[PDB]
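In what follows, one protein chain appears twice in different forms, each by itself as structure tokens: structure 1 and structure 2.
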Structure 1
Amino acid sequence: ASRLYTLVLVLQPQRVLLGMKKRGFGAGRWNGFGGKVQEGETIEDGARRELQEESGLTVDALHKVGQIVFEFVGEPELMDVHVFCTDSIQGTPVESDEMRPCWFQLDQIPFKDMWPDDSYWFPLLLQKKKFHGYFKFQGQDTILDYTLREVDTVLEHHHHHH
């Protein structure tokens, strides 16, 4: 099957808010906010819930800017990653036990300290281009293949449990 995930980028005109994973899986890397969508909540609920827990921020709105599929050789469960961005935050960013938010100038993004697929789709998100992406991995993050398309509009999946 697949597992449903959200990824949220807080993107203001000249800077982006990323979070460093503090402990555990993927520790020491910077990424957007998000996580697994739980049963009982919609995709948008999960994205809002993760951003609140990981950064302490509330959002007025989330823009659907991308979809990514992660596939790992051996695992029959793909990752269905719904990607959102937003520039209408409320509150002050404050770390959780899991993530610490920090602002980054758009021309100083630390790609070497982020997940490898970010080097592909993150520049498209930075240029306000919507995208559909697929990445096949082996191991933690070794890309075997990928395809990345710019889209006019992000296609809806019509998840009826989320």
Structure 2
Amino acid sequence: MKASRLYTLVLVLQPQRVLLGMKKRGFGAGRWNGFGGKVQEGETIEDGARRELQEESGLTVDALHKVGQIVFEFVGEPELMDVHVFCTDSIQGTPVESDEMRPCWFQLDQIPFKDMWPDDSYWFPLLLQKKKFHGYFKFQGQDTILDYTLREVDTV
């Protein structure tokens, strides 16, 4: 049994493009990703996701929808990362670079998988198909998956 810490991840997914951010420092630096971070005390997971989206991309959204949950384990780290994944298609301002992230739109036939976390190759296609999912990935360092599970689910 391991303890887990709550994180969020938000994908702004439109009909033909997705907004990603290049992580400029910290965890996962150098990889394109959705926006997110730790959930803080007192806020719902969805509201923490909205907050991180605003902080890292400048975008303010009224609502998100849950699309998946992914648990990450790292060799040498006792704490699991419990990542709650959300989407929205509906925005009304422009993305702006933050200290954490440089936002960029990608067409949906140009998803930059080689410059994303390796696990994203497995679950991101489900997100694109509008399937909901649960995943688990064990990493050695940043690059190497030692074990993983991925399951489509009816409810996140």
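Numbers given to residues start at 1 and step along the sequence of structure 1. Superpose the two forms; the largest set of C-alphas matching within 1.5 Å is the rigid core.
C-alpha displacement of 2 Å or more between structure 1 and structure 2 on the rigid core, among 93, 116, 26, 35: The one that moves 2 Å or more is 26.
What is the C-alpha shift for residue 44 between structure 1 and structure 2, rigid core superposed, to one decimal in Å? It moves 1.6 Å at the C-alpha.
Any chance you could measure the C-alpha shift of residue 13 between structure 1 and structure 2 with the core superposed, in Å? Here residue 13 registers a C-alpha shift of 0.5 Å.
Angstrom shift of the Cα atom of residue 140 between structure 1 and structure 2 (superposition on rigid core): Residue 140 C-alpha displacement between structure 1 and structure 2, core-aligned: 2.2 Å.
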